[PDB]
């Protein structure tokens, strides 16, 4: 008789304003607080917030405060959870429940629950991936590469923006789809921007590198008019110093049910950090402990057991002593 009826599954893309209903019947909707619990396949159960249907009072978890938004209409006897700008962190089952109370909260618990609402957030599709040499000497040259995916360079503009540690964002230059290049007047002399539309790649070169060129170097795509920068890459760190003896590392090689992984070989010094899908894959993963090779360098393998060409598998390799961070896919 007493039921909490929830709205269907959600196909959501990053940046959506998804709203899930939960109409309550068979009781006094106005008498008990409606709560919201998020699941997720690999976590457990978490508290989003709660609403008072009698007036409209709210209290959310500090986390989902400005994120999730709880609404109530006693004319339709429904409670809403308006979740804006979601990510593949909000890929969970969402239950609406009530905190039923006996004897003025002598006993209070979630007795009746909604069937659940599976909310799923898409994997972007537009990607920008910066990469370059972690370390470089003064008076030397930097060379970075922006690797674009899900759009073409023939008609999209790419900006090179850097963030020095403790400094603000500093615009370096841009390459328009028609090949027009624009530079910062101040650093014009030292910068060279170019692209390879065929290879889906953009490049930046900076000369006479002094220590104040130590920065996270980003590539950002222009949206349509007014041409604000609507998509950014994760950035690539470039540290500038006289010595880094010695010197580089992390070389990433590829590797019934399907087993696949990557080999991180000949790196010094230890350690190397490895994860898959930027963390969105911890299932059947085996990140083997490193072993000191014959070549005095270190080595390890990271494998992951998965079902049998649709799901994307990328390992996130980080060898901090060389300021290296690399991402790679695996295919037969």
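Numbering follows the first chain given and starts at 1.
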None, 1 to 3, 4 to 9, or 10 or more: how many residues of the deposited sequence lack coordinates between residue 308 and residue 309? 1 to 3
Can you tell me how many deposited residues have no coordinates between residue 246 and residue 247? The categories are none, 1 to 3, 4 to 9, and 10 or more. none
Highest mean C-alpha temperature factor of the two stretches 178 to 186 and 112 to 120, which is it? 112 to 120
For the C-alpha atoms alone, is the average B factor greater in 206 to 214 or in 68 to 76, going by the entry? 68 to 76
Quick one: which of 97, 257, 237, 104 has the biggest Cα B-factor according to the entry? 257
Going by the CA temperature factor in the entry, name the top one among 53, 49, 289, 26. 289
Relative to the other modelled residues in the chain, which third contains the C-alpha temperature factor of residue 84: lowest, middle or highest? highest
Going by the recorded CA B-factors, say which third of the chain residue 134 sits in, lowest, middle or highest. middle
State the tercile, meaning the lowest, middle or highest third, of residue 93 with respect to the CA B-factors recorded for its chain. middle
Record-listed C-alpha B factor of residue 32: chain third: lowest
Using only modelled residues of the chain, where does the Cα B factor of residue 163 rank: lowest third, middle third or highest third? lowest
